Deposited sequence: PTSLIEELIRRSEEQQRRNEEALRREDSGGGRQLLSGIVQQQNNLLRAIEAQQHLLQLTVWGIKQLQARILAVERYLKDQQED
């Protein structure tokens, strides 16, 4: 969502730089901050999914042990 917002802002600045290529240095630097923010927002979500996978591993392990124990 914010990633989607940062991507659209980067898409906008990309069009401005390509049109300005056709002042440009500032937009190029700003575009690099746009991409860095996007990468950082994706890192946050990626970090959440890593933790979500670990919790699913713990849940399935508990079920596997429960079935083992019931035997």
### Task
Counting from 1 along the deposited sequence, give me every gap where there's no C-alpha, start to finish.
1-2, 25-32, 82-83
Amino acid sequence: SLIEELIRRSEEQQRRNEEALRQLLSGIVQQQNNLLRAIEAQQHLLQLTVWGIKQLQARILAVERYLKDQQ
From here on, numbers count along this sequence of modelled residues.
### Summary
Higher avg CA temperature factor (12-20 vs 47-55, as deposited) belongs to 12-20
### Message
When the Cα temperature factors in the entry are averaged, is it 1-9 or 62-70 that ends up higher?
### Response
1-9
### Summary
On the chain's distribution of Cα B-factors, residue 26 falls within the third called highest
